[PDB]
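Content type CSV, N, CA and C atoms and all ligand atoms, from the file final.csv:
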chain,number,residue,atom,x,y,z
A,1,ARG,N,45.0,-3.2,-49.6
A,1,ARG,CA,45.1,-3.1,-48.1
A,1,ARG,C,43.7,-2.8,-47.5
A,2,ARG,N,43.2,-3.7,-46.7
A,2,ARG,CA,41.8,-3.7,-46.4
A,2,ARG,C,41.5,-3.2,-45.0
A,3,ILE,N,40.6,-2.2,-44.9
A,3,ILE,CA,40.3,-1.5,-43.6
A,3,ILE,C,38.8,-1.5,-43.4
A,4,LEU,N,38.4,-2.1,-42.3
A,4,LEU,CA,37.0,-2.2,-41.9
A,4,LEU,C,36.6,-0.9,-41.2
A,5,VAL,N,35.6,-0.2,-41.7
A,5,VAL,CA,35.2,1.1,-41.2
A,5,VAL,C,33.8,0.9,-40.5
A,6,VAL,N,33.9,0.8,-39.2
A,6,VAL,CA,32.6,0.6,-38.4
A,6,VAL,C,32.2,1.9,-37.8
A,7,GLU,N,31.1,2.4,-38.3
A,7,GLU,CA,30.7,3.8,-38.0
A,7,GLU,C,29.2,4.1,-38.5
A,8,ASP,N,28.4,4.5,-37.6
A,8,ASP,CA,27.0,4.6,-37.9
A,8,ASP,C,26.5,5.8,-38.5
A,9,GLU,N,27.3,6.9,-38.3
A,9,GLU,CA,26.9,8.2,-39.0
A,9,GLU,C,27.5,8.1,-40.4
A,10,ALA,N,26.6,8.0,-41.4
A,10,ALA,CA,26.9,7.8,-42.7
A,10,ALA,C,27.9,8.8,-43.3
A,11,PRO,N,27.8,10.1,-43.1
A,11,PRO,CA,28.7,11.1,-43.7
A,11,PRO,C,30.1,10.9,-43.2
A,12,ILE,N,30.2,10.7,-41.9
A,12,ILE,CA,31.5,10.3,-41.3
A,12,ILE,C,32.1,9.0,-41.9
A,13,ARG,N,31.3,8.0,-42.0
A,13,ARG,CA,31.8,6.7,-42.6
A,13,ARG,C,32.2,6.9,-44.0
A,14,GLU,N,31.4,7.7,-44.8
A,14,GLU,CA,31.7,8.0,-46.1
A,14,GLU,C,32.9,8.9,-46.3
A,15,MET,N,33.1,9.8,-45.3
A,15,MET,CA,34.3,10.7,-45.3
A,15,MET,C,35.6,9.8,-45.1
A,16,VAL,N,35.5,9.0,-44.1
A,16,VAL,CA,36.6,8.1,-43.8
A,16,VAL,C,36.9,7.1,-45.0
A,17,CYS,N,35.9,6.6,-45.7
A,17,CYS,CA,36.1,5.7,-46.8
A,17,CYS,C,36.8,6.4,-48.0
A,18,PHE,N,36.4,7.6,-48.3
A,18,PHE,CA,37.0,8.4,-49.3
A,18,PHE,C,38.5,8.7,-49.1
A,19,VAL,N,38.9,9.1,-47.8
A,19,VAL,CA,40.3,9.3,-47.4
A,19,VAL,C,41.1,8.1,-47.7
A,20,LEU,N,40.6,6.9,-47.2
A,20,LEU,CA,41.3,5.7,-47.3
A,20,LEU,C,41.5,5.3,-48.8
A,21,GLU,N,40.3,5.3,-49.5
A,21,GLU,CA,40.3,5.0,-50.9
A,21,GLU,C,41.3,5.8,-51.8
A,22,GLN,N,41.3,7.1,-51.5
A,22,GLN,CA,42.2,8.1,-52.3
A,22,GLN,C,43.6,7.9,-51.8
A,23,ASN,N,43.8,7.2,-50.7
A,23,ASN,CA,45.1,6.9,-50.2
A,23,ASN,C,45.7,5.5,-50.3
A,24,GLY,N,44.9,4.7,-51.1
A,24,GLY,CA,45.4,3.4,-51.6
A,24,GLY,C,44.9,2.2,-50.8
A,25,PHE,N,44.0,2.4,-49.9
A,25,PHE,CA,43.4,1.3,-49.2
A,25,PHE,C,42.1,0.8,-49.8
A,26,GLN,N,41.7,-0.4,-49.4
A,26,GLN,CA,40.4,-1.0,-49.7
A,26,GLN,C,39.5,-0.9,-48.4
A,27,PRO,N,38.6,0.1,-48.3
A,27,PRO,CA,37.8,0.2,-47.1
A,27,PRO,C,36.5,-0.7,-47.2
A,28,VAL,N,36.1,-1.2,-46.1
A,28,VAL,CA,34.9,-1.9,-45.9
A,28,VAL,C,34.0,-1.2,-44.9
A,29,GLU,N,32.7,-1.0,-45.3
A,29,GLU,CA,31.8,-0.2,-44.4
A,29,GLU,C,30.9,-1.1,-43.6
A,30,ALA,N,30.7,-0.7,-42.3
A,30,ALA,CA,29.7,-1.3,-41.5
A,30,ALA,C,28.9,-0.2,-40.8
A,31,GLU,N,27.6,-0.1,-40.9
A,31,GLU,CA,26.8,0.9,-40.3
A,31,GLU,C,26.3,0.7,-38.8
A,32,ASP,N,26.4,-0.6,-38.3
A,32,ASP,CA,26.1,-0.9,-36.9
A,32,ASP,C,26.8,-2.1,-36.4
A,33,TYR,N,26.5,-2.6,-35.2
A,33,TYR,CA,27.2,-3.7,-34.6
A,33,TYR,C,27.1,-5.0,-35.4
A,34,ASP,N,25.8,-5.4,-35.6
A,34,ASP,CA,25.5,-6.6,-36.4
A,34,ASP,C,26.2,-6.6,-37.7
A,35,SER,N,26.0,-5.5,-38.5
A,35,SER,CA,26.7,-5.5,-39.8
A,35,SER,C,28.2,-5.6,-39.8
A,36,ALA,N,28.8,-5.1,-38.7
A,36,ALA,CA,30.2,-5.2,-38.5
A,36,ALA,C,30.6,-6.7,-38.3
A,37,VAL,N,29.9,-7.3,-37.4
A,37,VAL,CA,30.1,-8.8,-37.1
A,37,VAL,C,30.0,-9.6,-38.4
A,38,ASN,N,29.0,-9.3,-39.2
A,38,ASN,CA,28.9,-10.0,-40.5
A,38,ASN,C,29.9,-9.6,-41.6
A,39,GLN,N,30.8,-8.6,-41.2
A,39,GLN,CA,31.9,-8.3,-42.1
A,39,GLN,C,33.2,-9.0,-41.6
A,40,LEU,N,33.1,-9.8,-40.5
A,40,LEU,CA,34.2,-10.6,-40.1
A,40,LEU,C,34.3,-11.9,-40.8
A,41,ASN,N,34.7,-11.9,-42.0
A,41,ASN,CA,35.0,-13.1,-42.9
A,41,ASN,C,35.9,-12.8,-44.0
A,42,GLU,N,36.4,-13.8,-44.7
A,42,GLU,CA,37.2,-13.6,-45.9
A,42,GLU,C,36.4,-12.8,-47.0
A,43,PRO,N,37.1,-11.7,-47.5
A,43,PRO,CA,38.5,-11.4,-47.1
A,43,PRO,C,38.5,-10.6,-45.8
A,44,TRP,N,39.6,-10.8,-45.1
A,44,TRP,CA,39.8,-10.3,-43.7
A,44,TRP,C,40.3,-8.8,-43.6
A,45,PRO,N,39.7,-8.0,-42.7
A,45,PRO,CA,40.3,-6.7,-42.3
A,45,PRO,C,41.7,-6.8,-41.9
A,46,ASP,N,42.6,-5.9,-42.3
A,46,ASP,CA,43.9,-5.8,-41.9
A,46,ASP,C,44.0,-4.8,-40.7
A,47,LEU,N,42.9,-3.9,-40.6
A,47,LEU,CA,42.8,-3.0,-39.4
A,47,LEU,C,41.3,-2.6,-39.4
A,48,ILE,N,40.8,-2.4,-38.1
A,48,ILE,CA,39.4,-2.0,-37.9
A,48,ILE,C,39.4,-0.6,-37.3
A,49,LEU,N,38.7,0.3,-38.0
A,49,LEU,CA,38.5,1.6,-37.4
A,49,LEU,C,37.1,1.5,-36.8
A,50,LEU,N,37.0,1.7,-35.5
A,50,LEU,CA,35.9,1.4,-34.7
A,50,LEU,C,35.3,2.5,-34.0
A,51,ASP,N,34.1,2.9,-34.4
A,51,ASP,CA,33.4,4.0,-33.7
A,51,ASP,C,33.0,3.5,-32.3
A,52,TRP,N,33.0,4.4,-31.3
A,52,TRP,CA,32.9,4.1,-29.9
A,52,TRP,C,31.5,3.6,-29.6
A,53,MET,N,30.4,4.0,-30.3
A,53,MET,CA,29.1,3.6,-30.0
A,53,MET,C,28.3,3.3,-31.3
A,54,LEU,N,27.5,2.2,-31.4
A,54,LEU,CA,26.7,1.9,-32.6
A,54,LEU,C,25.4,1.4,-32.2
A,55,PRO,N,24.4,1.6,-33.1
A,55,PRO,CA,23.1,0.9,-32.9
A,55,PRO,C,23.3,-0.6,-32.8
A,56,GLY,N,22.8,-1.2,-31.7
A,56,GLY,CA,23.0,-2.7,-31.5
A,56,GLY,C,24.3,-3.1,-30.7
A,57,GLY,N,25.1,-2.1,-30.4
A,57,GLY,CA,26.3,-2.4,-29.5
A,57,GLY,C,27.4,-1.4,-29.5
A,58,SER,N,28.2,-1.4,-28.4
A,58,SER,CA,29.3,-0.4,-28.2
A,58,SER,C,30.6,-0.9,-28.9
A,59,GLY,N,31.6,-0.1,-28.9
A,59,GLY,CA,32.9,-0.5,-29.4
A,59,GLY,C,33.6,-1.4,-28.5
A,60,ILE,N,33.5,-1.2,-27.2
A,60,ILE,CA,34.0,-2.1,-26.2
A,60,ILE,C,33.5,-3.5,-26.4
A,61,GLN,N,32.2,-3.7,-26.7
A,61,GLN,CA,31.6,-5.0,-26.9
A,61,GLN,C,32.2,-5.6,-28.2
A,62,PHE,N,32.3,-4.8,-29.2
A,62,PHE,CA,32.9,-5.4,-30.5
A,62,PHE,C,34.3,-5.9,-30.3
A,63,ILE,N,35.1,-5.2,-29.5
A,63,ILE,CA,36.5,-5.5,-29.2
A,63,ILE,C,36.5,-6.8,-28.5
A,64,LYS,N,35.5,-7.1,-27.6
A,64,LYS,CA,35.4,-8.3,-26.9
A,64,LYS,C,35.1,-9.5,-27.9
A,65,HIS,N,34.3,-9.2,-28.8
A,65,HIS,CA,33.9,-10.2,-29.8
A,65,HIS,C,35.1,-10.5,-30.7
A,66,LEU,N,35.9,-9.5,-31.1
A,66,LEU,CA,37.2,-9.7,-31.7
A,66,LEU,C,38.1,-10.6,-30.9
A,67,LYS,N,38.3,-10.2,-29.6
A,67,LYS,CA,39.3,-11.0,-28.8
A,67,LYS,C,38.9,-12.4,-28.5
A,68,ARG,N,37.6,-12.8,-28.8
A,68,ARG,CA,37.2,-14.1,-28.5
A,68,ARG,C,37.6,-15.2,-29.6
A,69,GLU,N,38.0,-14.8,-30.8
A,69,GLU,CA,38.5,-15.8,-31.8
A,69,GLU,C,39.9,-15.5,-32.3
A,70,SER,N,40.6,-16.6,-32.7
A,70,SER,CA,42.0,-16.5,-33.1
A,70,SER,C,42.2,-15.7,-34.4
A,71,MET,N,41.2,-15.8,-35.3
A,71,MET,CA,41.2,-15.1,-36.6
A,71,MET,C,41.1,-13.6,-36.4
A,72,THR,N,40.5,-13.1,-35.4
A,72,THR,CA,40.2,-11.7,-35.2
A,72,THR,C,41.0,-11.1,-34.1
A,73,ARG,N,41.5,-11.9,-33.2
A,73,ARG,CA,42.1,-11.5,-31.9
A,73,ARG,C,43.4,-10.6,-32.2
A,74,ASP,N,43.9,-10.7,-33.4
A,74,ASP,CA,45.2,-10.1,-33.7
A,74,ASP,C,45.0,-8.8,-34.6
A,75,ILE,N,43.8,-8.7,-35.2
A,75,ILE,CA,43.5,-7.5,-36.0
A,75,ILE,C,43.7,-6.2,-35.2
A,76,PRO,N,44.6,-5.3,-35.7
A,76,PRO,CA,44.7,-3.9,-35.1
A,76,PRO,C,43.3,-3.2,-35.1
A,77,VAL,N,43.1,-2.4,-34.0
A,77,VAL,CA,41.8,-1.8,-33.8
A,77,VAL,C,42.1,-0.3,-33.4
A,78,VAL,N,41.7,0.6,-34.3
A,78,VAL,CA,41.8,2.0,-33.9
A,78,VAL,C,40.4,2.6,-33.6
A,79,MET,N,40.2,2.9,-32.3
A,79,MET,CA,39.0,3.5,-31.8
A,79,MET,C,38.8,4.9,-32.3
A,80,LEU,N,37.6,5.2,-32.9
A,80,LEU,CA,37.2,6.6,-33.3
A,80,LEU,C,36.3,7.1,-32.2
A,81,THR,N,36.8,8.2,-31.5
A,81,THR,CA,36.0,8.8,-30.5
A,81,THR,C,35.7,10.3,-30.8
A,82,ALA,N,34.6,10.8,-30.3
A,82,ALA,CA,34.4,12.2,-30.4
A,82,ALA,C,34.9,13.0,-29.2
A,83,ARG,N,35.0,14.3,-29.2
A,83,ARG,CA,35.4,15.0,-28.1
A,83,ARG,C,34.2,15.4,-27.2
A,84,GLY,N,34.3,15.2,-25.9
A,84,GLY,CA,33.2,15.6,-25.0
A,84,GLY,C,32.8,14.5,-24.0
A,85,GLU,N,42.1,1.8,-22.2
A,85,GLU,CA,41.6,0.9,-21.1
A,85,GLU,C,40.8,-0.1,-21.7
A,86,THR,N,40.7,0.0,-23.0
A,86,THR,CA,39.5,-0.4,-23.8
A,86,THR,C,39.9,-1.6,-24.7
A,87,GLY,N,41.1,-1.9,-24.9
A,87,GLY,CA,41.5,-2.9,-25.8
A,87,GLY,C,41.9,-2.4,-27.2
A,88,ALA,N,41.6,-1.1,-27.5
A,88,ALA,CA,42.1,-0.6,-28.8
A,88,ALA,C,43.6,-0.4,-28.8
A,89,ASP,N,44.2,-0.6,-30.0
A,89,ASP,CA,45.7,-0.4,-30.1
A,89,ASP,C,46.0,1.1,-30.2
A,90,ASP,N,45.0,1.8,-30.7
A,90,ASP,CA,45.1,3.3,-30.8
A,90,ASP,C,43.7,3.9,-30.9
A,91,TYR,N,43.7,5.3,-30.8
A,91,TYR,CA,42.5,6.0,-30.8
A,91,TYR,C,42.7,7.2,-31.6
A,92,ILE,N,41.6,7.7,-32.3
A,92,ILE,CA,41.7,8.9,-33.0
A,92,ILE,C,40.4,9.7,-32.8
A,93,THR,N,40.5,11.0,-32.5
A,93,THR,CA,39.3,11.8,-32.2
A,93,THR,C,38.7,12.4,-33.5
A,94,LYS,N,37.3,12.5,-33.4
A,94,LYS,CA,36.5,13.1,-34.4
A,94,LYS,C,36.1,14.5,-34.0
A,95,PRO,N,36.3,15.5,-34.9
A,95,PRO,CA,36.8,15.3,-36.3
A,95,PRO,C,38.3,15.2,-36.3
A,96,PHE,N,38.9,14.5,-37.3
A,96,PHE,CA,40.3,14.3,-37.5
A,96,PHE,C,40.7,14.6,-38.9
A,97,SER,N,41.9,15.0,-39.1
A,97,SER,CA,42.3,15.4,-40.5
A,97,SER,C,42.6,14.1,-41.3
A,98,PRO,N,42.5,14.2,-42.6
A,98,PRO,CA,42.8,13.0,-43.4
A,98,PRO,C,44.3,12.6,-43.3
A,99,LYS,N,45.2,13.5,-43.2
A,99,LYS,CA,46.6,13.0,-43.0
A,99,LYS,C,46.9,12.3,-41.7
A,100,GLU,N,46.2,12.8,-40.6
A,100,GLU,CA,46.3,12.2,-39.3
A,100,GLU,C,45.8,10.8,-39.3
A,101,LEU,N,44.7,10.5,-40.0
A,101,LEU,CA,44.1,9.2,-40.0
A,101,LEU,C,45.0,8.2,-40.7
A,102,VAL,N,45.5,8.6,-41.9
A,102,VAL,CA,46.4,7.7,-42.7
A,102,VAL,C,47.7,7.5,-41.9
A,103,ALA,N,48.4,8.5,-41.5
A,103,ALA,CA,49.6,8.4,-40.7
A,103,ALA,C,49.4,7.5,-39.5
A,104,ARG,N,48.2,7.6,-38.9
A,104,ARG,CA,47.9,6.9,-37.7
A,104,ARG,C,47.7,5.4,-38.0
A,105,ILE,N,46.9,5.2,-39.1
A,105,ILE,CA,46.6,3.8,-39.5
A,105,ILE,C,48.0,3.1,-39.9
A,106,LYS,N,48.9,3.9,-40.5
A,106,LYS,CA,50.2,3.2,-40.9
A,106,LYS,C,51.1,2.9,-39.7
A,107,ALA,N,51.1,3.8,-38.7
A,107,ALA,CA,52.0,3.7,-37.5
A,107,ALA,C,51.6,2.4,-36.7
A,108,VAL,N,50.3,2.1,-36.8
A,108,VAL,CA,49.7,1.0,-36.2
A,108,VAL,C,49.9,-0.3,-37.0
A,109,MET,N,49.7,-0.4,-38.3
A,109,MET,CA,50.0,-1.5,-39.1
A,109,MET,C,51.4,-2.1,-38.8
A,110,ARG,N,52.3,-1.2,-38.4
A,110,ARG,CA,53.6,-1.6,-37.7
A,110,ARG,C,54.8,-0.9,-38.2
B,1,MG,MG,28.3,6.4,-33.5
Rewrite the structure of this file - the entire thing - as structure tokens.
Ligand SMILES: [Mg+2]
Amino acid sequence: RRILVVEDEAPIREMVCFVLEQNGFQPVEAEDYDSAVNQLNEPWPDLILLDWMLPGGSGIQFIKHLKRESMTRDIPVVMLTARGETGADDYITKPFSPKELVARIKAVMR
């Protein structure tokens, strides 16, 4: 079960990848906007966890890029936001607990 993790702060991205990994998913990492776009190919993300801001582009822009093609327009998008309208299907605040993330990712998968 493949989850694209778009997140520029490496320890957070690595934290998120470990939770998913230990929980039975196949996580894919992207450190910035460009790298995320180049992760939009076979094999395809079943859900995207999307950080709100990245080097080279925002989460709002990436969601627009997703909604522009039929292959990506349907992929679930959970926006990762920090504390302190958008097209995402759901949102989760940083820091979040590992059980919150999994439970959330599953409620969204459907
Ligand atoms: Mg960021």
- Message: As an exercise, work out the distance from atom C of residue A:60 to atom CA of residue A:20 in Å and give it to one decimal place.
- Response: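 It comes out at 24.1 Å.
Using all atoms listed in the file for every distance, the candidate list A:5, A:107, A:71, A:53 yields A:53 as the residue closest to ligand MG 1 (chain B).
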- Message: Could you list, as a ChimeraX atom specification, every residue within 8 Å of residue A:19, counting only C-alpha atoms and ignoring same-chain residues fewer than 4 positions away?
- Response: /A:15,23,98,102
- Message: So, with all atoms listed in the file as the atoms that count, which of A:51, A:2, A:109, A:28 lies closest to ligand MG 1 (chain B)?
- Response: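 Distance minimum relative to ligand MG 1 (chain B) lands on A:51.
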Taking all atoms listed in the file into account, list the residues no farther than 6 Å from ligand MG 1 (chain B), as a short mmCIF file (atom, residue, chain, number, x, y, z; two decimals) with N, CA and C atoms, in the coordinates of the input.
data_model
loop_
_atom_site.label_atom_id
_atom_site.label_comp_id
_atom_site.auth_asym_id
_atom_site.auth_seq_id
_atom_site.Cartn_x
_atom_site.Cartn_y
_atom_site.Cartn_z
N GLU A 7 31.10 2.40 -38.30
CA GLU A 7 30.70 3.80 -38.00
C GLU A 7 29.20 4.10 -38.50
N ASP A 8 28.40 4.50 -37.60
CA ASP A 8 27.00 4.60 -37.90
C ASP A 8 26.50 5.80 -38.50
N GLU A 9 27.30 6.90 -38.30
CA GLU A 9 26.90 8.20 -39.00
C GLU A 9 27.50 8.10 -40.40
N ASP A 51 34.10 2.90 -34.40
CA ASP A 51 33.40 4.00 -33.70
C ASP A 51 33.00 3.50 -32.30
N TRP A 52 33.00 4.40 -31.30
CA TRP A 52 32.90 4.10 -29.90
C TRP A 52 31.50 3.60 -29.60
N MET A 53 30.40 4.00 -30.30
CA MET A 53 29.10 3.60 -30.00
C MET A 53 28.30 3.30 -31.30
N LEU A 54 27.50 2.20 -31.40
CA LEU A 54 26.70 1.90 -32.60
C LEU A 54 25.40 1.40 -32.20
#
- Task: Return the single residue from A:58, A:22, A:81, A:72 that is closest to residue A:42, with distances computed using only C-alpha atoms.
- Result: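 Selected residue with least distance to residue A:42: A:72.
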- Message: Applying 10 Å and only C-alpha atoms, which residues near residue A:90 remain after dropping the ones on its own chain fewer than 5 positions away? List them as an NGL selection string.
- Response: :A and (49 or 76-80 or 104-105 or 107-108)
- Query: Quick one: DSSP alpha helix (DSSP H) residues in chain A, as JSON, numbers by chain?
  - Reply: {"A": [10, 11, 12, 13, 14, 15, 16, 17, 18, 19, 20, 21, 22, 33, 34, 35, 36, 37, 59, 60, 61, 62, 63, 64, 65, 66, 67, 98, 99, 100, 101, 102, 103, 104, 105, 106, 107, 108, 109]}
- Figure out the distance between atom CA of residue A:32 and atom N of residue A:6, please, to one decimal in Å.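 Between atom N of residue A:6 and atom CA of residue A:32 the gap is 8.3 Å.
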- By how many Å are atom CA of residue A:64 and atom CA of residue A:86 apart?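 About the pair atom CA of residue A:64 and atom CA of residue A:86: they are 9.4 Å apart.
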- Could you check which of A:47, A:103, A:4, A:92 is closest to residue A:30, using only N, CA and C atoms?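 Result for the nearest residue to residue A:30: A:4.
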- Query: A:34, A:99, A:29, A:18: which is nearest residue A:56, counting only N, CA and C atoms?
  - Reply: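 Comparing A:34, A:99, A:29, A:18 against residue A:56, the winner is A:34.
Between residue A:74 and the residues A:87, A:50, A:1, A:95, the shortest atom-to-atom distance, using only C-alpha atoms, involves A:87.
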- Find the spatial neighbours of residue A:33, counting all atoms listed in the file, within a cut-off of 5 Å - ignore same-chain residues fewer than 3 positions away - and output them as a PyMOL selection string. chain A and resi 36-37+55-57
- Test item, strand (DSSP E) assignment across chain A, answer as JSON, numbers by chain: {"A": [2, 3, 4, 5, 6, 26, 27, 28, 29, 30, 47, 48, 49, 50, 51, 53, 54, 57, 58, 77, 78, 79, 80, 81, 82, 90, 91, 92, 93, 94]}
Output stretch 8-29 of chain A with N, CA, C and O atoms present, as a PDB file, keeping the file's coordinate frame.
ATOM      1  N   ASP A   8      28.400   4.500 -37.600  1.00  0.00           N
ATOM      2  CA  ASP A   8      27.000   4.600 -37.900  1.00  0.00           C
ATOM      3  C   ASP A   8      26.500   5.800 -38.500  1.00  0.00           C
ATOM      4  O   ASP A   8      25.384   5.880 -39.065  1.00  0.00           O
ATOM      5  N   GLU A   9      27.300   6.900 -38.300  1.00  0.00           N
ATOM      6  CA  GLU A   9      26.900   8.200 -39.000  1.00  0.00           C
ATOM      7  C   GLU A   9      27.500   8.100 -40.400  1.00  0.00           C
ATOM      8  O   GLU A   9      28.727   8.211 -40.625  1.00  0.00           O
ATOM      9  N   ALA A  10      26.600   8.000 -41.400  1.00  0.00           N
ATOM     10  CA  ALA A  10      26.900   7.800 -42.700  1.00  0.00           C
ATOM     11  C   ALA A  10      27.900   8.800 -43.300  1.00  0.00           C
ATOM     12  O   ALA A  10      28.818   8.390 -44.049  1.00  0.00           O
ATOM     13  N   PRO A  11      27.800  10.100 -43.100  1.00  0.00           N
ATOM     14  CA  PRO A  11      28.700  11.100 -43.700  1.00  0.00           C
ATOM     15  C   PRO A  11      30.100  10.900 -43.200  1.00  0.00           C
ATOM     16  O   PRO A  11      31.053  11.024 -43.954  1.00  0.00           O
ATOM     17  N   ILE A  12      30.200  10.700 -41.900  1.00  0.00           N
ATOM     18  CA  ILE A  12      31.500  10.300 -41.300  1.00  0.00           C
ATOM     19  C   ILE A  12      32.100   9.000 -41.900  1.00  0.00           C
ATOM     20  O   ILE A  12      33.264   9.028 -42.381  1.00  0.00           O
ATOM     21  N   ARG A  13      31.300   8.000 -42.000  1.00  0.00           N
ATOM     22  CA  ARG A  13      31.800   6.700 -42.600  1.00  0.00           C
ATOM     23  C   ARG A  13      32.200   6.900 -44.000  1.00  0.00           C
ATOM     24  O   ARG A  13      33.247   6.478 -44.437  1.00  0.00           O
ATOM     25  N   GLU A  14      31.400   7.700 -44.800  1.00  0.00           N
ATOM     26  CA  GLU A  14      31.700   8.000 -46.100  1.00  0.00           C
ATOM     27  C   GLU A  14      32.900   8.900 -46.300  1.00  0.00           C
ATOM     28  O   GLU A  14      33.712   8.818 -47.252  1.00  0.00           O
ATOM     29  N   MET A  15      33.100   9.800 -45.300  1.00  0.00           N
ATOM     30  CA  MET A  15      34.300  10.700 -45.300  1.00  0.00           C
ATOM     31  C   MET A  15      35.600   9.800 -45.100  1.00  0.00           C
ATOM     32  O   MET A  15      36.489   9.965 -45.882  1.00  0.00           O
ATOM     33  N   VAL A  16      35.500   9.000 -44.100  1.00  0.00           N
ATOM     34  CA  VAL A  16      36.600   8.100 -43.800  1.00  0.00           C
ATOM     35  C   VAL A  16      36.900   7.100 -45.000  1.00  0.00           C
ATOM     36  O   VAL A  16      38.087   6.793 -45.228  1.00  0.00           O
ATOM     37  N   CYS A  17      35.900   6.600 -45.700  1.00  0.00           N
ATOM     38  CA  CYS A  17      36.100   5.700 -46.800  1.00  0.00           C
ATOM     39  C   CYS A  17      36.800   6.400 -48.000  1.00  0.00           C
ATOM     40  O   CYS A  17      37.595   5.754 -48.691  1.00  0.00           O
ATOM     41  N   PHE A  18      36.400   7.600 -48.300  1.00  0.00           N
ATOM     42  CA  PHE A  18      37.000   8.400 -49.300  1.00  0.00           C
ATOM     43  C   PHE A  18      38.500   8.700 -49.100  1.00  0.00           C
ATOM     44  O   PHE A  18      39.337   8.599 -49.965  1.00  0.00           O
ATOM     45  N   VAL A  19      38.900   9.100 -47.800  1.00  0.00           N
ATOM     46  CA  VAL A  19      40.300   9.300 -47.400  1.00  0.00           C
ATOM     47  C   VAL A  19      41.100   8.100 -47.700  1.00  0.00           C
ATOM     48  O   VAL A  19      42.195   8.156 -48.212  1.00  0.00           O
ATOM     49  N   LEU A  20      40.600   6.900 -47.200  1.00  0.00           N
ATOM     50  CA  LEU A  20      41.300   5.700 -47.300  1.00  0.00           C
ATOM     51  C   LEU A  20      41.500   5.300 -48.800  1.00  0.00           C
ATOM     52  O   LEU A  20      42.549   4.922 -49.313  1.00  0.00           O
ATOM     53  N   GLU A  21      40.300   5.300 -49.500  1.00  0.00           N
ATOM     54  CA  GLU A  21      40.300   5.000 -50.900  1.00  0.00           C
ATOM     55  C   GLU A  21      41.300   5.800 -51.800  1.00  0.00           C
ATOM     56  O   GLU A  21      42.056   5.279 -52.556  1.00  0.00           O
ATOM     57  N   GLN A  22      41.300   7.100 -51.500  1.00  0.00           N
ATOM     58  CA  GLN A  22      42.200   8.100 -52.300  1.00  0.00           C
ATOM     59  C   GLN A  22      43.600   7.900 -51.800  1.00  0.00           C
ATOM     60  O   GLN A  22      44.556   8.366 -52.453  1.00  0.00           O
ATOM     61  N   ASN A  23      43.800   7.200 -50.700  1.00  0.00           N
ATOM     62  CA  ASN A  23      45.100   6.900 -50.200  1.00  0.00           C
ATOM     63  C   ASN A  23      45.700   5.500 -50.300  1.00  0.00           C
ATOM     64  O   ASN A  23      46.715   5.178 -49.817  1.00  0.00           O
ATOM     65  N   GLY A  24      44.900   4.700 -51.100  1.00  0.00           N
ATOM     66  CA  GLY A  24      45.400   3.400 -51.600  1.00  0.00           C
ATOM     67  C   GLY A  24      44.900   2.200 -50.800  1.00  0.00           C
ATOM     68  O   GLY A  24      45.438   1.064 -51.051  1.00  0.00           O
ATOM     69  N   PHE A  25      44.000   2.400 -49.900  1.00  0.00           N
ATOM     70  CA  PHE A  25      43.400   1.300 -49.200  1.00  0.00           C
ATOM     71  C   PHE A  25      42.100   0.800 -49.800  1.00  0.00           C
ATOM     72  O   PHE A  25      41.524   1.534 -50.622  1.00  0.00           O
ATOM     73  N   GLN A  26      41.700  -0.400 -49.400  1.00  0.00           N
ATOM     74  CA  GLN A  26      40.400  -1.000 -49.700  1.00  0.00           C
ATOM     75  C   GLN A  26      39.500  -0.900 -48.400  1.00  0.00           C
ATOM     76  O   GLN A  26      39.720  -1.737 -47.539  1.00  0.00           O
ATOM     77  N   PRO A  27      38.600   0.100 -48.300  1.00  0.00           N
ATOM     78  CA  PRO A  27      37.800   0.200 -47.100  1.00  0.00           C
ATOM     79  C   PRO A  27      36.500  -0.700 -47.200  1.00  0.00           C
ATOM     80  O   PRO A  27      36.002  -0.936 -48.293  1.00  0.00           O
ATOM     81  N   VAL A  28      36.100  -1.200 -46.100  1.00  0.00           N
ATOM     82  CA  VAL A  28      34.900  -1.900 -45.900  1.00  0.00           C
ATOM     83  C   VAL A  28      34.000  -1.200 -44.900  1.00  0.00           C
ATOM     84  O   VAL A  28      34.414  -0.796 -43.841  1.00  0.00           O
ATOM     85  N   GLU A  29      32.700  -1.000 -45.300  1.00  0.00           N
ATOM     86  CA  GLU A  29      31.800  -0.200 -44.400  1.00  0.00           C
ATOM     87  C   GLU A  29      30.900  -1.100 -43.600  1.00  0.00           C
ATOM     88  O   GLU A  29      30.386  -2.121 -44.032  1.00  0.00           O
TER      89      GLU A  29
END
